[PDB]
Structures are given as C-alpha cells and as structure tokens.
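Quick notes on the structure that follows.
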Amino acid sequence: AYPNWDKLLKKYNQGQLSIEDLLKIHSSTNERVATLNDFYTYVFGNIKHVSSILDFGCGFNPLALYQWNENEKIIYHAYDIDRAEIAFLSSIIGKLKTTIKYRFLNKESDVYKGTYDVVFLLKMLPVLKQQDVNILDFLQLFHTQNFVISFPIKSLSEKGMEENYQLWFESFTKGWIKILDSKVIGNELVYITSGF
Ligand SMILES: C[S@@+](CC[C@H](N)C(=O)[O-])C[C@H]1O[C@@H](n2cnc3c(N)ncnc32)[C@H](O)[C@@H]1O
C-alpha cells in the first residue's frame, strides 16, 4: 500500500521506526539492502572521484546513501516524481548528521540544468521506457561524465513478456555511450558508462 508519510514520520520521531525499517519500505531500496556496501564500493571503485551526484528517480536511495556513507565529500542531488516521498525523505535526512550534502529537487526543469560528475538511473530505464520516453534523447539531457544505470534481475521462474534488459540496453546504446564495466550485484545488474 502507498505509505502514509505523516504517520511514518510520527512513528519515527517516537522511536517506533529505525532507518533500517525505513529502508524496507520502498522495494527498490529493500532489494539493495543486502548488497548495500558492495553496490557503493563497486560504483565509487569504478568512477574516480565523485564530487557531485544526481539521483534521478531516487526513491529511498537518499536514505541508503546516508546509511552507507562514512565521510565522503559529495553534493548529492535527489529527484523523484513522487513529491510527497521527497518531502518525507527531506524531513528525515534533515534530522541526521552526515558529510554528504543533500539537495532535494522538486522542479524537473531544474534537474537537467545542473552539472554532475555522475548520474544515477537505478532501476529506471524500464520505468521510463514504459512511459514512452525516448531513452537516448533523455540521456542526452544530462551534463554528466558518467552514468550508473541498473536493471532488476527478475526471478527465472510470464508469457509474451520478454524483458531482456541486458540485450536491449547493450544494443540501443551502441556507439552513443561507452560501457566501462558491468556487474551483477545481488538482484541488480549494474552498468557503469561514459556520457551522452
Ligand atoms: C523501480 S523504482 C527505482 C527507485 C530507486 N531508483 C532505486 O533503485 O532504489 C522507480 C522510481 O522512479 C520514480 N519515477 C517514476 N516515474 C518517474 C519520472 N517520470 N520521473 C522521475 N522519477 C520517476 C518512481 O517514483 C520510483 O521511485
């Protein structure tokens, strides 16, 4: 069920909910918890010095980054179409102490105007494709040097629904962006690419 943000915030403020509990709320972040350290170790290990990040369609990742981070110096810009979810996250993170500088964006038009060392599109391409977004044109909107593009790895166990994201992605990006590396991190296929 869609979360009751106001109620969740009250429970949290009362100590009835932990960050661990919160990370389980959004399935995309819940699925990443088991490999949280491996995910970020992989990303920052393959992308030399990130000072700025744009997390497009961020979900609860802002919270996951807080959980994983120790002392990174990064300006993290978070954007998601769900405004209420962003408001909730901003209220929680505003209560926390962290070296990462959070910037919650609410205007889509502002998103594409920034300059970011890297742009996160975690479990996003399928969603956008579904919304009939021209993915290539979309990717060209970002003034970034690298992308972190990931896809969920679904259970192998229906009819008429292909979804071979790996084949699709490595196929349509041919000659536009260069794939620097890719790896299966838990239930997620993560791609590290160049720009445009
Ligand atoms: C599969 S979830 C991925 C969440 C997060 N990126 C992660 O991997 O943990 C899809 C996310 O994209 C957001 N979203 C859907 N359509 C969007 C759009 N047109 N623009 C920005 N965000 C969108 C949803 O609210 C949701 O949080």
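FYI, nothing fancy with the structure tokens labels: chains A, B, ... in order, residues from 1 per chain, ligands from 1 as they appear.
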
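The shell of residues at most 12 Å from residue A:143, with only C-alpha atoms counted and near chain neighbours (fewer than 2 positions) removed, consists of residues 52, 53, 54, 111, 112, 113, 114, 115, 116, 117, 118, 119, 138, 139, 140, 141, 145, 146, 147, 194, 195 and 196 of chain A.
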
Each chain A residue no farther than 7 Å from ligand 1, nearest pair in Å, only C-alpha atoms and all ligand atoms, as a tab-separated table:
residue	atom	partner	partner_atom_place_in_ligand_line	distance
A:28	CA	ligand 1	9 (O)	4.0
A:29	CA	ligand 1	9 (O)	4.2
A:56	CA	ligand 1	21 (C)	6.1
A:57	CA	ligand 1	22 (N)	3.6
A:58	CA	ligand 1	6 (N)	4.3
A:59	CA	ligand 1	27 (O)	3.7
A:60	CA	ligand 1	9 (O)	6.0
A:61	CA	ligand 1	9 (O)	5.2
A:79	CA	ligand 1	21 (C)	6.7
A:80	CA	ligand 1	22 (N)	4.2
A:81	CA	ligand 1	22 (N)	4.3
A:82	CA	ligand 1	25 (O)	5.1
A:121	CA	ligand 1	6 (N)	6.1
A:122	CA	ligand 1	8 (O)	4.1
A:123	CA	ligand 1	8 (O)	4.7
A:124	CA	ligand 1	10 (C)	5.5
A:127	CA	ligand 1	15 (C)	6.2
A:128	CA	ligand 1	19 (N)	6.2

Would you work out the distance separating atom CA of residue A:129 from atom CA of residue A:192, expressed in Å to one decimal?
-> 19.3 Å

Using only C-alpha atoms, the shortest atom-to-atom distance to residue A:34 among A:76, A:68, A:2, A:12 belongs to A:68

re atom CA of residue A:31 and atom CA of residue A:86: distance 19.6 Å

If you count only C-alpha atoms, which residues fall within 12 Å of residue A:40, apart from same-chain ones fewer than 3 positions away, as a PyMOL selection string?
-> chain A and resi 32-33+35-37+43-47+50+61+64-70+72+120+148+185+190+192

For the residues in the current selection, export N, CA, C and O atoms as an mmCIF file, in the first residue's frame.
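Output file selection34.cif follows:
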data_model
loop_
_atom_site.group_PDB
_atom_site.id
_atom_site.type_symbol
_atom_site.label_atom_id
_atom_site.label_comp_id
_atom_site.auth_asym_id
_atom_site.auth_seq_id
_atom_site.Cartn_x
_atom_site.Cartn_y
_atom_site.Cartn_z
ATOM 1 N N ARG A 32 18.088 -3.744 -2.381
ATOM 2 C CA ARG A 32 19.508 -3.388 -2.389
ATOM 3 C C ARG A 32 20.197 -3.481 -1.027
ATOM 4 O O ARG A 32 21.426 -3.553 -0.950
ATOM 5 N N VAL A 33 19.413 -3.490 0.045
ATOM 6 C CA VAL A 33 19.972 -3.551 1.393
ATOM 7 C C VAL A 33 21.018 -4.649 1.602
ATOM 8 O O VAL A 33 22.081 -4.389 2.156
ATOM 9 N N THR A 35 23.062 -5.927 -0.358
ATOM 10 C CA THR A 35 24.319 -5.673 -1.052
ATOM 11 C C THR A 35 24.663 -4.189 -1.070
ATOM 12 O O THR A 35 25.358 -3.721 -1.967
ATOM 13 N N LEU A 36 24.194 -3.457 -0.062
ATOM 14 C CA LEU A 36 24.435 -2.019 0.014
ATOM 15 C C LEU A 36 25.914 -1.648 -0.089
ATOM 16 O O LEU A 36 26.295 -0.813 -0.910
ATOM 17 N N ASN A 37 26.751 -2.265 0.741
ATOM 18 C CA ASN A 37 28.176 -1.963 0.706
ATOM 19 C C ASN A 37 28.804 -2.363 -0.626
ATOM 20 O O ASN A 37 29.596 -1.609 -1.184
ATOM 21 N N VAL A 43 30.500 1.088 -7.395
ATOM 22 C CA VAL A 43 30.297 2.365 -8.071
ATOM 23 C C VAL A 43 31.463 3.332 -7.916
ATOM 24 O O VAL A 43 32.026 3.806 -8.904
ATOM 25 N N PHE A 44 31.828 3.630 -6.676
ATOM 26 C CA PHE A 44 32.920 4.559 -6.429
ATOM 27 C C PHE A 44 34.277 3.955 -6.758
ATOM 28 O O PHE A 44 35.265 4.674 -6.939
ATOM 29 N N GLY A 45 34.318 2.630 -6.852
ATOM 30 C CA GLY A 45 35.560 1.959 -7.179
ATOM 31 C C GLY A 45 35.839 2.027 -8.670
ATOM 32 O O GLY A 45 36.985 1.918 -9.098
ATOM 33 N N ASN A 46 34.790 2.221 -9.464
ATOM 34 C CA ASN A 46 34.933 2.290 -10.913
ATOM 35 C C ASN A 46 34.737 3.692 -11.472
ATOM 36 O O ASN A 46 34.881 3.917 -12.678
ATOM 37 N N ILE A 47 34.377 4.626 -10.602
ATOM 38 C CA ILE A 47 34.195 6.003 -11.017
ATOM 39 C C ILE A 47 35.082 6.832 -10.123
ATOM 40 O O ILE A 47 34.790 7.054 -8.944
ATOM 41 N N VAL A 50 34.073 11.263 -7.272
ATOM 42 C CA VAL A 50 32.774 11.876 -7.464
ATOM 43 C C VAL A 50 32.634 13.000 -6.441
ATOM 44 O O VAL A 50 32.938 12.817 -5.254
ATOM 45 N N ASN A 61 16.771 5.744 -2.041
ATOM 46 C CA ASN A 61 18.229 5.680 -2.077
ATOM 47 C C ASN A 61 18.897 6.797 -1.261
ATOM 48 O O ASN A 61 19.978 6.600 -0.720
ATOM 49 N N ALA A 64 19.572 5.287 1.869
ATOM 50 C CA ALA A 64 20.546 4.199 1.769
ATOM 51 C C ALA A 64 21.957 4.766 1.703
ATOM 52 O O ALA A 64 22.885 4.221 2.302
ATOM 53 N N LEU A 65 22.114 5.863 0.968
ATOM 54 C CA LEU A 65 23.415 6.506 0.842
ATOM 55 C C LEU A 65 23.852 6.995 2.222
ATOM 56 O O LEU A 65 25.019 6.871 2.601
ATOM 57 N N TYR A 66 22.912 7.558 2.973
ATOM 58 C CA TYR A 66 23.221 8.028 4.318
ATOM 59 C C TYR A 66 23.728 6.847 5.152
ATOM 60 O O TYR A 66 24.727 6.952 5.866
ATOM 61 N N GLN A 67 23.024 5.725 5.053
ATOM 62 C CA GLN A 67 23.380 4.527 5.806
ATOM 63 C C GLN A 67 24.770 4.001 5.446
ATOM 64 O O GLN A 67 25.541 3.593 6.321
ATOM 65 N N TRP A 68 25.092 4.015 4.159
ATOM 66 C CA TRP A 68 26.379 3.517 3.697
ATOM 67 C C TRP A 68 27.547 4.468 3.935
ATOM 68 O O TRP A 68 28.645 4.041 4.294
ATOM 69 N N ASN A 69 27.310 5.756 3.722
ATOM 70 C CA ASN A 69 28.365 6.748 3.863
ATOM 71 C C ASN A 69 29.019 6.861 5.236
ATOM 72 O O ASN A 69 28.381 6.692 6.274
ATOM 73 N N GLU A 70 30.314 7.150 5.218
ATOM 74 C CA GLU A 70 31.063 7.345 6.445
ATOM 75 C C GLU A 70 31.515 8.803 6.431
ATOM 76 O O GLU A 70 31.094 9.598 7.268
ATOM 77 N N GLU A 72 32.319 10.621 2.985
ATOM 78 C CA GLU A 72 32.541 11.085 1.616
ATOM 79 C C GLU A 72 32.169 12.565 1.499
ATOM 80 O O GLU A 72 31.281 13.051 2.200
ATOM 81 N N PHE A 120 22.791 8.849 -11.419
ATOM 82 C CA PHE A 120 22.283 7.516 -11.089
ATOM 83 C C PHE A 120 20.910 7.319 -11.721
ATOM 84 O O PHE A 120 20.018 8.157 -11.561
ATOM 85 N N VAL A 148 25.350 5.646 -13.946
ATOM 86 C CA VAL A 148 25.303 4.368 -13.255
ATOM 87 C C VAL A 148 23.888 3.960 -13.630
ATOM 88 O O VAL A 148 22.918 4.555 -13.161
ATOM 89 N N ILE A 185 25.195 -7.305 -8.940
ATOM 90 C CA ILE A 185 25.363 -7.036 -7.519
ATOM 91 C C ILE A 185 24.058 -7.438 -6.851
ATOM 92 O O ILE A 185 23.108 -6.657 -6.793
ATOM 93 N N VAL A 190 24.276 -3.900 -12.648
ATOM 94 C CA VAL A 190 24.748 -2.522 -12.659
ATOM 95 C C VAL A 190 25.724 -2.192 -13.778
ATOM 96 O O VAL A 190 26.735 -2.873 -13.951
ATOM 97 N N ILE A 192 28.211 0.754 -15.593
ATOM 98 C CA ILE A 192 28.948 1.989 -15.386
ATOM 99 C C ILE A 192 29.281 2.413 -16.812
ATOM 100 O O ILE A 192 29.924 1.664 -17.548
#
